[PDB]
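*Asks:* Let me start by giving you these chains from the complex, positioned as in the assembled structure:
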Amino acid sequence: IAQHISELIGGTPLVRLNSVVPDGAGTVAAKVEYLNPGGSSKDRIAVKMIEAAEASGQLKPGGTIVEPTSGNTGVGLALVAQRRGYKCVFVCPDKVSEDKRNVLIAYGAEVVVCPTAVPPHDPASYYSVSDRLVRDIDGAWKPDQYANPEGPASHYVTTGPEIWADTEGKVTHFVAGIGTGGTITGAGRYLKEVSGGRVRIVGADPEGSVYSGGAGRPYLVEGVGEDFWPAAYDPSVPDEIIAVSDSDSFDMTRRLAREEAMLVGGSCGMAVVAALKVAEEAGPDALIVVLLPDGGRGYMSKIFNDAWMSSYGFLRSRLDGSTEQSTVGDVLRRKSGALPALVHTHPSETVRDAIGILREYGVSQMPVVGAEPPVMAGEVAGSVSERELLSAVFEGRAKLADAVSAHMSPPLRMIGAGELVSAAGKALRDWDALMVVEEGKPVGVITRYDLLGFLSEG
């Protein structure tokens, strides 16, 4: 009978992947690490760190833990400091969703939010505010997960021995996502100390990060990636930092959850792809132990959601099956399959009236058609674009009252209404917008803004 829930942190199993790695390649054992009571791998470091603050006497009993959290370290820190009874207060960037910090609260942590995207060194970003809280509050102890030797030491104590024992001293490689830099350092250091120099440590890094040799970048895979060299990552340990893209990592995570029964996150997919790559230059008899460090339940609406995964130019395929059943006509069915009367103007109306219709119906383009009856057979006289009108009106090139026929641009190209949205993207790749001619007659205009707004919701 365990004494607290934070005593079961460790000894996580070591299962193997048998359907993602190709045939004729070494063994890939994925050290599933989302079975910890805290949900992620960060629990390991958490425990160790707290222990230090009790041995070094640097965290007097009843003191408060202050920390600029990421979302996973907070979970473990709360889960443990709640056993000891230390009040915990985080300072989180508003970039974190409501569910994540709601969990962070449910564990008994006080989360004070501050704006984001501001420079880290100014009073707005959460680093300076965390320092200010450290000053004001008494008995504060900023664990500083980025420059804390205990971080990597904890993995050196209780992540290498598991890797070395579950395989019986037979592990050719050890690939692991390198984020803030504790898992690879504290694990590879021990794997090398206990195997001479046999097991070559490899570290996967999101494409275009500091470790991978590139410059900064906006990062999507939560966890891995950095813009500076953490004080707790000795760059001498890893032997090959194999960088991997973002689309590849997300697709690998999805395919892993679908073909191996593991709900791993983004960094997990990145690590698995880095492995499956390194597992080629190591022929048969190779044993690559990847470190899947998260559980893919928090991302359930972030990378398993075809909508989000499609907004960021991603989503090779859909989770359930067939690819693109929706056709361009459905882009027009925002009113529940209710293609409204083709907002149209005639070669005799007034430029002011054309601008009026454009403003009143929200649309930004309209085919001037020679018959108010919306039944024209592809013989629309021209096209009027609100931008072009406003330009010709504010540059004296067209009086407000002038007839529209003297300032209308050439007609805009046409695409069928029963054609797939991928074809619509391919087409709009070259023009600004185009009218959908549904069995002879036009029924509206699909435009870049509208297509890219539809992709991001359905």
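*Replies:* Structure received. Residues are numbered from 1 along each chain as shown, chains lettered A, B, ... in the order given.

*Asks:* what ranges do the strands span in the stretch 351-458 of chain A?
*Replies:* Using DSSP state E, counting those that start in this stretch, the strands of the stretch 351-458 of chain A run over A:365-368, A:382-385, A:414-415, A:433-438, A:441-447.

*Asks:* Which among those strands is found nearest to residue A:254?
*Replies:* Closest to residue A:254 of those is strand A:441-447 (Cβ to Cβ; 28.9 Å). For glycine as for every other residue, the C-beta is placed from the backbone atoms N, C-alpha and C.

*Asks:* strands paired with the closest one, and their directions?
*Replies:* Partners of strand A:441-447 in the sheet, by DSSP bridges, are strand A:433-438 (antiparallel).

*Asks:* since we're on the residue nearest to residue A:301 when sequence neighbours are not counted, how many residues are nearby?
*Replies:* Closest residue to residue A:301 apart from its sequence neighbours, by Cβ to Cβ, 6 or more residues apart in numbering: residue A:308 at 7.1 Å. Around residue A:308 sit 15 other residues, with neighbours defined as other Cβ atoms under 10 Å.

*Asks:* got it, and residue A:355?
*Replies:* 18.

*Asks:* wouldn't it be in contact with residue A:390 here?
*Replies:* Yes. Using Cβ atoms under 8 Å, residue A:355 is in contact with residue A:390, at 6.9 Å.

*Asks:* thinking again about what came up before, next, give phi and psi for the residue nearest to residue A:301.
*Replies:* Taking degrees, to the nearest 10, you get phi -60, psi -50 for the backbone angles of residue A:308.

*Asks:* Give me the neighbour count for residue A:297.
*Replies:* Summarising burial for residue A:297: neighbours were counted as other Cβ under 10 Å, giving 11.

*Asks:* repeat for residue A:393
*Replies:* Neighbour tally, residue A:393, other Cβ under 10 Å: 17.

*Asks:* again, but for residue A:450
*Replies:* Residue A:450: 19 surrounding residues under other Cβ under 10 Å.

*Asks:* So what touches stretch A:449-458?
*Replies:* For stretch A:449-458, the surrounding residues in contact (Cβ atoms under 8 Å, 6 or more residues apart in numbering) are A:307, A:310, A:311, A:326, A:331, A:364, A:421, A:424, A:425, A:428, A:433.

*Asks:* Now with 7 Å, please.
*Replies:* Contact with stretch A:449-458 is made by A:307, A:310, A:311, A:326, A:331, A:424, A:425, A:428, as judged by Cβ atoms under 7 Å, 6 or more residues apart in numbering.

*Asks:* now stretch A:119-133
*Replies:* Stretch A:119-133 is contacted from outside by A:66, A:67, A:68, A:89, A:91, A:92, A:93, A:114, A:115, A:118, A:140, A:142, using Cβ under 7 Å, 6+ apart.

*Asks:* Drop chain B onto that structure:
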Amino acid sequence: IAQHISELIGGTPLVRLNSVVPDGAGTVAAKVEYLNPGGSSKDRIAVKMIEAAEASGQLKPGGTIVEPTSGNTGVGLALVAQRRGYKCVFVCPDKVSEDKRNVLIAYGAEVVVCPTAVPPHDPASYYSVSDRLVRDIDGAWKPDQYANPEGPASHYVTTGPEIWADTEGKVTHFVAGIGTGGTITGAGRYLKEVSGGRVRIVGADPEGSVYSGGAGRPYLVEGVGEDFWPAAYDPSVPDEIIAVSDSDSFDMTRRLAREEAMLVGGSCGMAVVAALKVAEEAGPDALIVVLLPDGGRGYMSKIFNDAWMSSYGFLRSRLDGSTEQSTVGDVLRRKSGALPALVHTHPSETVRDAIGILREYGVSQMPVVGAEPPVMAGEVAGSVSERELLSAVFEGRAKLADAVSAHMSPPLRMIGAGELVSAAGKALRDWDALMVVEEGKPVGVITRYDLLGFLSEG
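*Replies:* Let me put chain B in with the others:
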């Protein structure tokens, strides 16, 4: 005691204008013609026309009058055919407002509406439908106010004699708006028959019409103007067709109502301006009798409304007084003086997120500013325009996930917030949109579309 209300049609007074004509010029007598019981001058022709259908036996008792109406001829035709008891049915273009045809109904006329802007010779325009009604109904009699000699004959009988008698055979000129062509023909013909060739007939025509020698045009002044030669306008009568613009005619109508106590319409202002012009080449001792043919009560929301009169690039000044106490900041106060926190993005957000904010807030431009706190002192890093983004995203020049800082355009110019809207127009005459820096900090972006949308409502 008159027998019917349609017996008082005629003998309308002849008042003179004494504040619009400059000093040192002849006398200008304006034959106010909106005192007829039917409201306009068309009553004259109406009566005559009906009489013909009773003498020529071409309108059997109990028959129906069918006519593609304009709005004034309908009033007189109803007012008279209601005395005789003839059912009247009009076919009106939807271009006519609700008040006009509502009046046309209140007199007991049946108005059947058809779409407009369609060619006159097709089954959609009201000419063909009027002919179809003439066929179907029995005893129909299409008066055809455009090719009816009785039209001009009525003015020859009861509009020249009034002009010739109220002035005692002393009239140098007779200027009159020339629309469908009865008032000038039937009046000048008599003025010449009874004065040899002394009184030189002049006819005003809206700028760019058939009579003025130009080609077709979208017409705003209701009444005057045409696109073809009516069969009832003998072009030999008028001696000088002095064409006048639209802004000039509207301004003259407004100034006439303000400085002469006459609520005349648009054609009235056109005729008065044509007079005031011809009254220069006729030195002292000239007596120009203009024919103001309408009453400016129907246009009360069409040319006396600063909003409408400003949408069509018009409105030199406002009715009441000072010019432009508008200011550009008020363009931002669409939420009741509630500047909207300035939608912005930062040099680190994702292109997808910038497009997201643009779509979500409706705005089409946004300043990328290096601090989420909306307090920047004119040091915004750049500007992002939804069009430019969507272009760089659908042309492969920018991944959806790429940082915005790599695809942001140069900053957009600035204008004060306490500056008049005329200055805003002068500025936007050269750029696409500009941010209003209100005492150091920016508070939004005013754009061509927004300014031209505000002018048309306030």
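
*Asks:* once more on the neighbour count of residue A:450, this time with chain B?
*Replies:* 20 (other Cβ atoms under 10 Å in any protein chain shown).

*Asks:* Looking at the stretch 351-458 of chain A, what residue ends up closest to chain B?
*Replies:* In the stretch 351-458 of chain A, the residue that lies nearest chain B is residue A:400 (3.9 Å; Cβ to the nearest Cβ).

*Asks:* hang on, that residue packs against residue A:353?
*Replies:* No. Using Cβ atoms under 7 Å as the test, residue A:400 is too far from residue A:353 to be in contact (9.5 Å).

*Asks:* on that earlier part again, now the residue of the stretch 351-458 of chain A closest to chain B: how far from residue B:92?
*Replies:* Noted for residue A:400: a distance of 26 Å to residue B:92, by Cβ to Cβ, to the nearest Å.

*Asks:* of those two, who's got more company?
*Replies:* Set side by side, residue A:400 and residue B:92 show more neighbours around residue B:92, with 22 against 19, by other Cβ under 10 Å.

*Asks:* What residues are bridge-paired with that one?
*Replies:* Taking DSSP bridges, one obtains residue B:113 as the residues bridged to residue B:92.

*Asks:* List the residues that contact it.
*Replies:* Residues counted as contacts of residue B:92 (Cβ atoms under 7 Å, 6 or more residues apart in numbering or on different chains) are B:69, B:101, B:111, B:113, B:126.

*Asks:* Quick check: the farthest pair among these?
*Replies:* Across the contacts of residue B:92 (Cβ to Cβ), the longest gap, 12.4 Å, separates B:101 and B:126.

*Asks:* So if I had to pick from those two, which one is more boxed in?
*Replies:* Neighbour tally, residue B:101 and residue B:126, criterion other Cβ under 10 Å: the higher count belongs to residue B:126, 23 against 20.

*Asks:* Contacts only, for that one.
*Replies:* Residues near residue B:126 by Cβ under 7 Å, 6+ apart: B:68, B:91, B:92, B:93, B:114.

*Asks:* Roughly how far does it sit from chain A?
*Replies:* Separation of residue B:126 from chain A (Cβ to the nearest Cβ, to the nearest Å): 13 Å.

*Asks:* Against residue B:66, how distant is that residue?
*Replies:* Per Cβ to Cβ, residue B:126 is found 11 Å from residue B:66.

*Asks:* before we move on, what about residue A:364?
*Replies:* According to Cβ to Cβ, residue A:364 stands 43 Å off from residue B:66.

*Asks:* Looking at these two, which one has more neighbours?
*Replies:* When neighbours are counted by other Cβ under 10 Å, residue B:66 comes out ahead of the other of residue A:364 and residue B:66, with 27 against 20.

*Asks:* Name the SS class of that one, please.
*Replies:* Assigned by DSSP: H, G, I helix; E, B strand; the rest coil, the conformation of residue B:66 is strand.

*Asks:* following sequence is chain C, add it:
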Amino acid sequence: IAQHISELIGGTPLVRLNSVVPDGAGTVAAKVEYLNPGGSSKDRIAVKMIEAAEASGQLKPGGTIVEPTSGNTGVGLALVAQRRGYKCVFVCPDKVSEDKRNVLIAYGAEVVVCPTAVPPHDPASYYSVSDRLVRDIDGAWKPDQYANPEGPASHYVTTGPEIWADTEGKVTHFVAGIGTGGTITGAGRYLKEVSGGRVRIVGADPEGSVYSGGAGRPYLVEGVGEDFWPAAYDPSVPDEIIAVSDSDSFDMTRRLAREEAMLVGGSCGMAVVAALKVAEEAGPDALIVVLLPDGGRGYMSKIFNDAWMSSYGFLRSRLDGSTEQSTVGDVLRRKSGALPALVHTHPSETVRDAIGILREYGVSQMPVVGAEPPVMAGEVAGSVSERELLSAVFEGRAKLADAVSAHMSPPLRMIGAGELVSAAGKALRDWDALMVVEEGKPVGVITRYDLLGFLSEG
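*Replies:* Putting chain C together with the chains above:
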């Protein structure tokens, strides 16, 4: 050649009504008075009043005319003071529409608006503000159309003589709307002075006014009616104040415009109905000269509009023809003939969920039906009314989580969907709302609020 437009004020014709008065009754001559250049009868008094201010020296040249206007007196005052050149400034209640005061401005009058419905004797109503303007401005002259003897004197001079001459001293009665009290006083006084006591003066008054013996009332017919005794109405003149209702006056105005070719207003209809009534107790050989004092062009959207005329429980019939073609189902077609899915709940859902659906869809009643498929054949289990739920929830009689089946009221009655809206009114006269069963299945619920909201727009 008149010298100014305000010289033609007077001598308005005297036409007779020959289709509204029944058979076997005296002659009814309606002194049409909307042919004055200013549009209404008030011009008469206006002229006279101004003359006084010039003879009595009480209005020094260049002085300003201040007046709490009604809408017609302003027109005449502007039309004349613009001839003299006196700056005119009105103070109008916000109850006046935009078109009326827009006209009042177009004539060159400065209209300063103040809130309405406030007591007349306080600084908010326009009487006190008019007095304040009289104090501040110099040379001000508040004509005070309510306590000015010149008002009735003007009609005594130039409205009785016309009535007495156009009929050749043969007029049995003279009925005229009695509003502020000048037309009846100044006309009947002369008719009696010049006919001994023969011509019995009659005065029509809106039902429930001071003159008719009743108490105050909210007045709709613009003009006639008062809440106090004006200082310029000698109650000894009129011999019978025959009060008339509002619906009767509006219907008489409409029928007059349709069967006599006169666009008279509301007071005109009231006067005509009062006449047609008095013309019964005066057998053959009676000559009743009604005084139609307004022109029905300003009300074109106030009493000739079936929408407005129907909101105030009016509108016996429609202007054009057949009565009530719209059927109850069209009340549901607010989404363009798009029945809204029939928001429903089931006997197992939670009271919280029922309140949720009610709030989310705006509706206030919903039939609990035993099958989510909206195809039930009139076997809906019950009805839930948001009010009843909220009551049973805030009075502890139903937990938020309790099943709805324990707090649902009896079903609400049903009416067909192809039945006329008049039937719907007759039905809702007894219940709170009822579901429209369209050929077996229900398709929604029409409610008092919805029906009375539809009547007021279509």
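
*Asks:* let's see the neighbour count of residue A:450 again after adding chain C.
*Replies:* Applying other Cβ under 10 Å, we find 20 residues neighbouring residue A:450.

*Asks:* which residues touch stretch A:332-348?
*Replies:* By Cβ under 7 Å, 6+ apart, the surrounding residues in contact with stretch A:332-348 are A:354, A:357, A:361, A:363, A:366-370, A:372, A:374, A:381, A:384, A:403-405, A:436, A:442-444, A:446, B:117, B:218.

*Asks:* just the buried members of those?
*Replies:* Among the contacts of stretch A:332-348, those scoring as buried are A:354, A:357, A:363, A:366-370, A:372, A:374, A:381, A:384, A:403-405, A:436, A:442-444, A:446, B:117, B:218 (criterion: 16 or more other Cβ atoms under 10 Å in any protein chain shown).

*Asks:* Could you measure from the residue lying closest to residue A:99 once chain neighbours are set aside over to residue A:145?
*Replies:* Spatially, and ignoring its direct neighbours in sequence, residue A:99 is nearest to residue A:298 (7.0 Å; Cβ to Cβ, 6 or more residues apart in numbering or on different chains). Taking Cβ to Cβ as the measure, residue A:298 and residue A:145 are separated by 19 Å.

*Asks:* Same question for residue A:383.
*Replies:* 58 Å.

*Asks:* try residue A:164
*Replies:* Using Cβ to Cβ, we find residue A:164 at a distance of 25 Å from residue A:145.

*Asks:* Show me what the helix or strand hosting residue A:111 is packed up against.
*Replies:* With elements delineated by DSSP states H and E, residue A:111 resides in strand A:109-114, which encompasses its position. Other elements packing on strand A:109-114 under the criterion 3 or more Cβ pairs under 7 Å, 6 or more residues apart in numbering or on different chains; DSSP states H and E are strand A:88-93, helix A:98-106.

*Asks:* Share the number of residues neighbouring the residue of the stretch 51-200 of chain A found nearest chain C, please.
*Replies:* Closest residue of the stretch 51-200 of chain A to chain C, Cβ to the nearest Cβ: residue A:98 (20.3 Å). Neighbour count of residue A:98, defined by other Cβ under 10 Å: 7.

*Asks:* Can you name the residues that contact it?
*Replies:* Residue A:98 is in contact with no residue at all, counting by Cβ under 7 Å, 6+ apart.

*Asks:* ok, it to residue A:71 distance?
*Replies:* Note on residue A:98: its distance to residue A:71, by Cβ to Cβ, is 12 Å.

*Asks:* just residue A:305 next, same as before
*Replies:* Distance of residue A:305 to residue A:71, given as Cβ to Cβ: 18 Å.

*Asks:* same thing with residue A:35?
*Replies:* Distance of residue A:35 to residue A:71, given as Cβ to Cβ: 18 Å.

*Asks:* more crowded one of these two?
*Replies:* Set residue A:35 next to residue A:71 and count neighbours by other Cβ under 10 Å: residue A:71 wins out with 23 against 12.
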